[PDB]
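To keep things clear, I will list the structure first and then write my remarks on it.
And the structure:
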């Protein structure tokens, strides 16, 4: 996949994972009204995926 | 192992696998007395390993 990952794939990855319900803004040395302000102004993004993805199915096995 | 297999390793591989009891000389368009002659002259080599190696142990599994 090196040299094969496309601009569209990155666009699609951001559009459907970098959304409000999947995000958290953490601040240190910043006031809450400021962090709340920027989140309400610039971080209100919808239209992605929902839950914590497809439930990770455990299988087991060995790689050598 | 590419670039790592040594002259000694090849010497050891031949000395203990290229022996009489592990060998067969097959001829086509040659007379048997001639093939028997060369085998008795040049192919009488001992001091290798014995049986068909360590008995191949079946395990199972999957490579992806």
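Residue numbers (PDB author numbering), protein chains in the order written: chain B, 182 to 245; chain B', 182 to 245. A prime marks a further copy of an entry chain.
A virtual CB, placed ideally from N, CA and C, is assigned to each residue, including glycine.
- Item | Close Cβ partners of residue 230 (chain B') (< 6 Å) along its chain, the five nearest in sequence each way excluded | 197
- Task: Spell out a yes or no on whether the region 203-220 of chain B' and the region 231-244 of chain B are touching, meaning 3 or more CB-CB pairs, one atom from each, closer than 8 Å.
- Result: no
- Would you tell me roughly how many angstroms separate the C-alpha atoms of residue 222 (chain B') and residue 186 (chain B'), rounded to the nearest one? In a straight line, the C-alpha of residue 222 (chain B') is about 31 Å away from that of residue 186 (chain B').
- Task: Tell me whether residue 239 (chain B) sits in a helix, a strand or coil according to DSSP, three-state version.
- Result: coil
- Alpha-carbon to alpha-carbon, residue 232 (chain B) and residue 232 (chain B'): 60 Å
- Task: Please look up how many angstroms separate the CB atoms of residue 183 (chain B') and residue 200 (chain B'), rounded, as I've assumed it's under 8 Å.
- Result: About 28 Å separates the two Cβ atoms, so there is no contact after all.
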